[PDB]
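# A closer look at the structure
These are the residues of each chain, in order.
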Amino acid sequence: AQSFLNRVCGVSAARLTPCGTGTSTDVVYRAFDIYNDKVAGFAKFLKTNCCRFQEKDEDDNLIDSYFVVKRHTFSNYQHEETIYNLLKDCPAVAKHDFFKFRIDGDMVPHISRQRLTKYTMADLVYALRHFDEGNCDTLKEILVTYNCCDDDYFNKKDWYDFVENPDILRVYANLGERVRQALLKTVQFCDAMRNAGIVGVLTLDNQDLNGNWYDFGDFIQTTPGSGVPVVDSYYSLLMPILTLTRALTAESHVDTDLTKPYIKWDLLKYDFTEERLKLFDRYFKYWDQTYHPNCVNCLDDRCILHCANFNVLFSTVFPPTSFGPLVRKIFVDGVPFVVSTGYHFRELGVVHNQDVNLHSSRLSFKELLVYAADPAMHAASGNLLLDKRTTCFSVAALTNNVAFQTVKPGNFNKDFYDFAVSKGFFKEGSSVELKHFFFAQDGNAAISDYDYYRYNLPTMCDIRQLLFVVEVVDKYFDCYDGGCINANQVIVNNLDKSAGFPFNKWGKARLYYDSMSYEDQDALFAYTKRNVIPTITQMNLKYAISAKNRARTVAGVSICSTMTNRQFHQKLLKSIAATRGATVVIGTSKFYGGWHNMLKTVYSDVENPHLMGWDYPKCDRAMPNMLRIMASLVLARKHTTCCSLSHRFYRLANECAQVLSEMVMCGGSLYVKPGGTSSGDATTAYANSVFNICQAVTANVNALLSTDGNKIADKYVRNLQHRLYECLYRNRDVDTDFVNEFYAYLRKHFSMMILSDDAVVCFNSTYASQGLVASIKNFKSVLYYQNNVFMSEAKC
Amino acid sequence: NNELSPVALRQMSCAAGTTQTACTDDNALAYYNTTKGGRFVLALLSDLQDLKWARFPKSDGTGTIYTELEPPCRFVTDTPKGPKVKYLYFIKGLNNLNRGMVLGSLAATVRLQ
Amino acid sequence: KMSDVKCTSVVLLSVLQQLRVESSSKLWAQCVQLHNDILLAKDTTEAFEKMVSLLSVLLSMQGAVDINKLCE
Amino acid sequence: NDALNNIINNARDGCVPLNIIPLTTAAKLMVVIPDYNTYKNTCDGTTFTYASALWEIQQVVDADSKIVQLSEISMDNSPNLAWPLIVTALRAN
Ligand SMILES: [Zn+2]
Ligand SMILES: [Zn+2]
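Residues numbered from 1 in each chain as written, not as in the entry; some residues may be left out. Chains lettered and ligands numbered in written order. Part of a larger assembly, values for the part shown. Heavy atoms only, no water.

## Focus: the pattern of salt bridges
Side chains that carry opposite charge are capable of pairing whenever their charged atoms lie near each other. All names here are of chain A. Under the definition given, this model contains 37 salt bridges over all chains. A salt bridge links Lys70 to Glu80, with the nearest nitrogen and oxygen atoms 3.2 Å apart. Of the two residues, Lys70 sits in strand β5 (residues 61-71) while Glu80 sits in helix α2 (residues 74-84), which places them 10 residues apart along the sequence. The same class applies to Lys70 as to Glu80, namely buried. (Salt bridge = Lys/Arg side-chain N within 4 Å of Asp/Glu carboxyl O. Helix = DSSP H or I, 4+ residues; strand = E, 2+ residues; numbered from the N terminus. Buried < 20%, exposed > 50% of the residue type's maximum accessible area, 1.4 Å probe, protein only.)

The following block contains the structure:
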């Protein structure tokens, strides 16, 4: 015992305190990334085989420095010894011992790994992904250990929620530089493994919170100079934490250190391609897939997503001013103009128009229509604005005064009220009581609603999981059909509706549909397939009854977007709205037995049926950018024939340019919308349906891979788990067979009925209890780490 | 316990050459991954110094696909014939995982020095 | 009885707005605060003191002849 | 048409992000302040700085669009004012 402790300390001469009684191991409960030929998954197990020794400091203080010793056979001892004395000089490598000790009466080899931390990054990842309000423990310990916060902070009410505690983002940000250091150190590990010829799979199980790597028990060696570290599961599982913890902030400072001031970029610099490649080289040097700084050069939709993810990460570095429309001066009839000619998307990069006309002669009706719609000229003519009422970037003010809008109290029908009271209603102790009213608002309503678009943050999504989710979701829209239509096939519900800021001043949408011919409409539609047209959406204060004093607003979008999204999603969506018996239920009436038919469809062959419902905290103002791009993409998938790739990409560019991050004029002033979605385009409800389906399926996958995988009984489900892991983190291409099988699995065991942001699911109880399908817990975890919102019990 | 590649990947002979139609008849040890959506080869092994083109007819036989290769990767292996110094090649676009599994299979199932 | 309270609060704020009290931003803000408080309240005693508080705003003006309007 | 020409002449190809056009060329600024405290930090005194430029005060109004003098905005006199205050300034040269 005493000699064992004296040997573990060895030449180090530390003050090892045996946090484990005698020469016995210490079984801990830690998360692992496992892939054998039997079981696969990222799940938390029980670890034997190690005895731990915390180091003591001078004044009997205990520091997070542990001497983990591993007991195993002789074969592994030799295997790790012969490959530890190959890469011993890499700073990313923890120092090993490789001794032998006379445990009991026989000789056993032990490998002493020295100076690790209590938790590896696997614990951090599993804690921040699979969160529980009442099972934090390890998250609290990590968060307090590294002087990010204090313990009395955890006594705060709803400390863990982003919405009503906007300080929790600051707390997580104090852990951020450690992850940057870990990546910056694992890059040299990869380089040394290359230089010395080692082949294997790096996992975030064997990397400490310092960044040191300490396990080689599954590795093989080859000729030096050609090593292939398989960084595929590692980066994929580590993605979300980088943007949740804001781990790249150091790049905003000069010389990459938080102490020094920020880098003062040139205001007129708009193309940051070189910096994007520089950061990608610095931090993800060994990521096999190619990277396109500008999403124009992508090969198809999947490469668009894969490049957009890294762009979303890197866009937190560059100044906020260099994002938006790109203006150029063009003379028409000798008159210099200021017209939009290109755009700088945070997620897509730089896109230049192809049909820009310089030194034109006359402006036809379509040219005047376009040059009067984009905010370029209105912005270049206005005066600079600075508003302290909100945090989101502001552009300018069109007028010389700021108009203030309010709401009216709503009128009272005393006749019906008296007739009701005379009928024994509205008395004391009644189960019926007035809970719906026409509330009023002050002169600050919309500006108090835009700080709800404040709640949206730059978000990365786990990219490989997201790609597979796109593939599986693509099947739920397989029975539908659509494609481009000419100007003669559009059908408009009501023509007496407003057009927008720079059009409402003169007429209504009837005037514009009936002034320009069909040929002009087709010309504009074809123009939008090789350019970008920024627009302005007006923000409007709704006037209706509600159960809570919230000033809900609506968005009146401009008319160019109306035509150029109608001519496309009209045929896409009229198929959806007229189809019965599908998961999407939009366009079906509840009357004439429709509601009963819906419910009978929901209960379609559910074995152990139970019902579950949820509601997202703020569906419209928190939806991360990537999921909206995904919705637009899976809606645009139905154009494999009618258009080429560049046309699809430009349509998506216009969609994200006038619905995602556009300029809203609220009270006579232009503000930039950080993200979210605008209710008032042609495709809000269906996009929200797509988002709901995506969240449900990703919750299902995250649930099924969180399971142990050894206690699982049915061989079919175990094979499903193994192949699902293989298809997520080990396949570069799509597998139609397995996605077919998996879609069949969910449709059999987990049935959904979806309308806009609201959902009803019938699910198998046994599978949920065994963790085979998603439950309320997994779904809440998914919302937490992919929407920056914590759902409570009052919404589910 | 993330194991590199359970189950081994076997080989089959194939044709390669330096350029255009230089694939003569049969010169390469193609290590191939059989998927029922079509046989998809991973690696090429040769005693020929510089082969950048490789050839394989499709299943129908009316077409014949060409594949491109990396710069040669040197190694030497011990066999009954003594030391044999060979070059392995990978098709461009090959992810790191396929390289990892093929090198694991080679370094486990083939003697090397 | 609180139903009558909420109904008369609604009508009172309606007449206050039609009296262009909204042209004083702070006054209208306070009146809106009081209205939103009354409709959301659950106890009757608090509603009475809030409604008399916001009615004092009406009675401080000189645009509504009370004595003629109180015809009984 | 004088200042904007200077900036656009300085671009590599002529393209400049739109958001800096009113940041460098606009000749007027208006600031909306929610309370006296934030007013102290930004628009204290008869002139202030922002966007690497010096701006001079000329006019202040409240939510009711009526004149209010710079002496009137004190800590004690503050609760007697509407507080989306509007202040306009001119680019000093
Ligand atoms: Zn790409
Ligand atoms: Zn098309």
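## Describing the coordination of the zinc ion (ligand 2)
Any two of four tetrahedral donors ideally make an angle of 109.5 degrees at the metal, while pairs among six octahedral donors ideally make 90 or 180 degrees. Residue and element names in this part refer to chain A. On the protein side, the zinc ion (ligand 2) has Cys484 (SG), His639 (ND1), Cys642 (SG) and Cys643 (SG) as donor atoms, found 2.0 to 2.3 Å from it. Coordination at the zinc ion (ligand 2) comes from four donor atoms whose angles at the metal span 51 to 145°, giving a geometry best classed as irregular. Along the chain, the residues donating to the zinc ion (ligand 2) are arranged with the sequence spacing C-x154-H-x2-C-C. Using a relative accessible area of 39% as the deciding quantity, one classes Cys642 as partly exposed. (Donors = N, O, S within 2.8 Å, 3.2 Å for Na, K, Ca; no water. Tetrahedral: all angles 85-135°; square planar, octahedral: opposite > 155°, others 65-115°.)

## Points about the interface of chain A and chain D
Listed as interface residues are 38 residues of chain A and, on the opposing side, 31 residues of chain D. Taken together, both faces of the contact between chain A and chain D bury some 3,100 Å²; the carbon and sulfur share is 72%. Between the two partners, chain A and chain D, sit zero salt bridges. For the interface between chain A and chain D, the tally reads eight residue pairs in polar contact. When residues of the side of chain A that touches chain D are traced back to their parent elements, those giving at least two are β11 (324-328), α11 (375-381), β16 (383-387) and β17 (394-397) of chain A. The leading source of residues in the side of chain A that touches chain D is β16 of chain A, at five residues. Taken together, the residues of the side of chain A that touches chain D break down into 23 nonpolar, 10 polar and five charged. Summarising the sheet, β11 of chain A and strand β1 (residues 16-17) of chain D pair through two bridges and their orientation is antiparallel. By the bridge assignment, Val327 of chain A is partnered in β1 of chain D with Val16 of chain D. (Contact = heavy atoms within 4.5 Å. Buried area = accessible area lost by both parts, 1.4 Å probe. Polar contact = N/O pair within 3.5 Å; in protein donor to acceptor, adjacent residues only side chain to side chain. Nonpolar A, V, L, I, M, F, W, Y, C, P; charged D, E, K, R; others polar. Pairing = 2+ DSSP bridges.)

## Considering empty space enclosed by the protein
All names here are of chain A. Inspection of the entire model under this criterion finds 13 cavities of 30 Å³ or more. Approximately 150 Å³ is the volume attributed to the largest cavity. Lining the largest cavity are 15 residues, and of these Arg129, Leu237, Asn702, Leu705 and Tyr729 lie nearest its centre. Broken down by secondary-structure element, the contributors of at least two residues to the lining of the largest cavity are β2 (40-47), α21 (685-706) and α22 (715-729). Residues that form the lining of the largest cavity fall into these classes: eight nonpolar, five polar and two charged. Roughly 90 Å³ of internal volume is contained in the second largest cavity. In this structure, the second largest cavity is lined by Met612, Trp614, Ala696, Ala699, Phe750, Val761, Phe763, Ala774, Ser775, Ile776 and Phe779. Mapped by element, the contributors of at least two residues to the lining of the second largest cavity are β20 (609-614), α21, β24 (758-764) and α25 (776-787). (1 Å grid on protein atoms, 1.4 Å probe; cavity = no way out; pocket = protein on both sides within 12 Å on 5 of 7 lines; lining within 4 Å. Points joined across faces, edges and corners; volume = space filled by probe spheres on them.)

## Section: the coordination of the zinc ion (ligand 1)
Residue and element names in this part refer to chain A. At the metal site, the zinc ion (ligand 1) is ligated by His292 (ND1), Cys298 (SG), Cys303 (SG) and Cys307 (SG), and these contacts range over 2.0 to 2.3 Å. In this structure, the zinc ion (ligand 1) is coordinated by four donor atoms arranged in tetrahedral fashion, with angles at the metal of 96 to 118°. Read N to C, the donor residues that coordinate the zinc ion (ligand 1) are spaced as H-x5-C-x4-C-x3-C.

## Remarks on helix α7 (residues 233-244) of chain A
Counting buried positions along α7 of chain A gives 12 out of 12 residues, so the element sits mostly inside the fold. Note on α7 of chain A: the residue one or two positions beyond its end, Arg246 of chain A, has a positive phi of about 50°.

## A short note on unusual backbone geometry
Residue and element names in this part refer to chain A. Although it is not a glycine, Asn49 adopts a positive phi angle of roughly 80°. The topology assignment puts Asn49 in the loop between β2 and β3 (50-51). In the Ramachandran plot, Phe98 falls in the positive-phi region, its phi being about 60° despite a non-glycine side chain. Considering the arrangement of structural elements, one finds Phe98 in the loop between α2 and β6 (99-101).

## Comments concerning a positive patch on the surface
Taken together, the side chains of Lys542, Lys548, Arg550 and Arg552 of chain A make up a positively charged region of the molecular surface. Residue classification places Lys548 of chain A among the exposed residues on the basis of a relative accessible area of 54%. (Patch = residues over 30% accessible without salt bridge, like charges linked within 9 Å, V, L, I, M, F, W, Y side chains within 5 Å. Areas by Shrake-Rupley, 256 points an atom, 1.4 Å probe, with all protein chains shown as cover. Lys, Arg positive; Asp, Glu negative; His and termini not counted. Charge placed at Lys NZ, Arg CZ, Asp CG, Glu CD.)

## Some points on the side chain of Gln17 of chain C
Note on placement: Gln17 of chain C falls in helix α1 (residues 2-18). If we skip the residues at most four places from it in the chain, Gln17 of chain C touches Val407, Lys408 and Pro409 of chain A together with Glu22 and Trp28 of chain C.

## What to know about the packing of aromatic side chains
Residue and element names in this part refer to chain A. Under the criterion given, the structure shown has 53 aromatic pairs over all chains. Seen in terms of ring centroids, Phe272 and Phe318 are 4.4 Å apart; in terms of plane orientation they differ by 20°. Their pairing is stacked. A residue pair is termed long-range when its members are at least 10 positions apart, and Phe272 in the loop between α7 and α8 (273-283) and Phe318 in the loop between α9 (301-314) and β11 qualify at 46 residues. Residue classification places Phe272 among the buried residues on the basis of a relative accessible area of 0%. The class of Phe318 is buried, set by a relative accessible area of 5%. Geometrically, the ring pair formed by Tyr291 and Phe310 is edge-to-face, given 6.1 Å between the ring centres and 85° between the ring planes. Taken together, the residues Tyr291 in the loop between α8 and α9 and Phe310 in helix α9 connect sequence positions 19 residues apart. Assessed through its relative accessible area of 8%, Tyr291 is described here as buried. On the accessibility criterion, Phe310 (0% relative accessible area) is buried. Three or more aromatic residues link up through ring pairs in this structure, and these residues are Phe189, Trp213, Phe216, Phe219, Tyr234, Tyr235, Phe280, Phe284, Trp287, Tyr291, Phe310 and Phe314. (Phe/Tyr/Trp six-rings, centres within 6.5 Å; stacked < 30°, edge-to-face > 60°.)

## Focus: the interface of chain C and chain A
Residue-level contacts link 18 residues of chain C with 18 residues of chain A. For the pair chain C and chain A, the summed buried area comes to about 1,600 Å², and 60% of that belongs to carbon and sulfur atoms. Ranking the residues of chain C by area buried against chain A places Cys7, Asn36 and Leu39 of chain C at the top, with a combined share of 27%. Where chain C meets chain A, there are zero salt bridges. Only α1 and α2 (25-40) of chain C provide two or more residues apiece to the side of chain C that touches chain A. With 10 residues, α1 of chain C is the single largest residue contributor to the side of chain C that touches chain A.

## Side note on the layout of surface pockets
By rolling a water-sized probe across the atoms, one finds the places where empty space is left. Counted as a void, the second largest pocket has a volume near 1,400 Å³. Forming the walls of the second largest pocket are 38 residues, and the residues nearest its centre are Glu726, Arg730 and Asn731 of chain A together with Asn33 and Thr35 of chain B. Broken down by secondary-structure element, the contributors of at least two residues to the lining of the second largest pocket are α22 and α23 (736-749) of chain A together with β2 (28-35), β3 (38-46) and α1 (96-109) of chain B. Across the lining of the second largest pocket, the residue classes tally to 16 nonpolar, 11 polar and 11 charged.

## What about the sheet that holds β2 of chain B?
Residues and elements named next belong to chain B. With respect to topology, seven strands assemble into an open sheet ordered β5-β4-β1-β2-β3-β7-β6, the strand pairing being antiparallel. Sheet topology places β5 (64-68) and β6 (73-79) at the edges, where each strand pairs with a single neighbour. Averaged over all neighbouring strand pairs, the angle between strand axes comes to 40°, with direction disregarded. Relative to β3, β2 runs antiparallel, the two sharing seven bridges. Looking at the pairing, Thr35 lines up with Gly38 of β3. The strands touched by α1 within the sheet are β2, β3, β6 and β7 (82-90), with β7 carrying the most contacts at an inclination of about 165°. (Axes fitted to C-alpha atoms, helices over the stretch in contact; angles between N-to-C directions.)

## Some words on the state of the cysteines
A complete count under the given rule lists zero disulfides over all chains for this structure. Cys15 of chain D takes part in no disulfide bond, and the closest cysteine sulfur, belonging to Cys295 of chain A, lies 20 Å away. On the basis of relative accessible area, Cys15 of chain D is assigned to the buried category, the value being 4%. (Disulfide = S-S within 2.5 Å.)

## Considering the environment of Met12 of chain B
All names here are of chain B. With respect to the helices and strands, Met12 occurs in strand β1 (residues 11-17). Residues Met12 and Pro72, 60 residues apart in the sequence, show an inter-C-alpha distance of 20 Å. Setting aside residues no more than four positions away along its own chain, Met12 makes contact with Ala28, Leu29, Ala30, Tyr32, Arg39 and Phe56.

## Quick notes on the packing of helix α19 (residues 625-636) of chain A against helix α20 (residues 645-660) of chain A
Residue and element names in this part refer to chain A. As a packed pair, α19 and α20 sit with axes 11 Å apart at the nearest point and diverge in direction by 135°. Viewed along their axes, α19 and α20 adopt a mutual orientation that is oblique. Crossing angle aside, the handedness with which α19 passes α20 is right-handed. Packed against α19, whose contacting residues are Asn625, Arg628, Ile629, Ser632, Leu633 and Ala636, the element α20 presents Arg648, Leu652, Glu655, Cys656, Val659 and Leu660 at the interface. (Parallel < 35°, antiparallel > 145°, perpendicular 65-115°, else oblique. Left-handed = near helix turned anticlockwise from the far one by under 90°.)

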